[PDB]
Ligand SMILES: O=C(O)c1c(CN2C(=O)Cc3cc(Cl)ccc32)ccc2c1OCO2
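Next up: just one chain, as structure tokens, the form solved without this ligand.
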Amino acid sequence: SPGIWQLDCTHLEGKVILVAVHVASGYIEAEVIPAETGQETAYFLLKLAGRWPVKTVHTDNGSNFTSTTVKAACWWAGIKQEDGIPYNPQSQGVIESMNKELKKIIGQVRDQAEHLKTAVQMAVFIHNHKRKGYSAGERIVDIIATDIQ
């Protein structure tokens, strides 16, 4: 549970937003890319796994699952690639709801940020710090700390 992440790809302004969600906490990292290629996904996974203990990734689609570059990044970083099929069906709705929340925050910061990539990072910040009362950022730290001990 502490090492399980889910990839999520959403679209806004004709651009692609790639998100990784730590399943157990709701914590996220995200980037804006021109298009979702194996190479972009592979590089994003390498970044993520150098930053948090990533054991398993539920990839967002079959193209990335199949991609030799994504497989190469997962081999390099010690990540088990798994499908992202929602065997528990409430998975898709949790993801769809987060995409909607993220796009709303992005819309709320549209004065403040000239570039979409800035607005996406502001939305990452607001999502991870939001008190739900613990934040997603507090939950991921406590889950992993409990794991290390």
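Superpose the two forms; the largest set of C-alphas matching within 1.5 Å is the rigid core. We number the residues from 1 along the sequence you see.
Student: Which segment is farther from the shown form on average in 4 other deposited structures of this protein after a rigid core fit, 28-36 or 107-115, going by CA atoms?
Tutor: Checking 28-36 against 107-115 in 4 other deposited structures of this protein, I find the farther stretch is 107-115.
Student: Could you bin the unmodelled part of the deposited chain lying between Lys132 and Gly133 as none, 1 to 3, 4 to 9, or 10 or more?
Tutor: Missing in between: 4 to 9 residues.
Student: Comparing 66-74 with 100-108, where is the mean C-alpha B-factor higher?
Tutor: Averaged over C-alpha atoms, the B-factors run higher in 100-108.
Student: May I ask you to compare 4-12 and 140-148 by their mean CA B factor in the entry and name the higher one?
Tutor: That would be 140-148.
Student: Select one of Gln39, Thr56, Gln121, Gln92: the residue whose C-alpha shows the highest B-factor in the crystal structure entry.
Tutor: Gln92 has the highest C-alpha B-factor of those listed.
Student: Specify which of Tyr87, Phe44, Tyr27, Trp52 carries the largest Cα B factor in the deposited PDB entry.
Tutor: Max CA B-factor in the entry, restricted to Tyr87, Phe44, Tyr27, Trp52: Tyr87.
Student: Considering only modelled residues of the same chain, in which third does the CA B-factor of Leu48 rank: lowest, middle or highest?
Tutor: Tercile = lowest for this residue's CA B-factor.
Student: Lowest, middle or highest third: where is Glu31 by Cα B-factor in its chain?
Tutor: Lowest third - that is where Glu31 ends up once the chain's C-alpha B-factors are sorted.
Not on display, but discussed next: the form deposited with this ligand bound.
Student: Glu101: heavy atom within 4.5 Å of this ligand in the bound PDB entry?
Tutor: Yes - in the bound PDB entry, heavy atoms of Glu101 and this ligand come within 4.5 Å of each other.
Student: So in the bound PDB entry, does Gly26 come within 4.5 Å of this ligand, heavy atom to heavy atom?
Tutor: So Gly26 counts as contacting this ligand.
Student: Quick one: does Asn88 come within 4.5 Å of this ligand in the bound PDB entry, counting heavy atoms only?
Tutor: No, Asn88 stays farther than 4.5 Å from this ligand in the bound PDB entry.
Student: Sequence order please: the residues of 1-23 with a heavy atom within 4.5 Å of this ligand in the bound PDB entry.
Tutor: Residues within 4.5 Å: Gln6, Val21, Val23.
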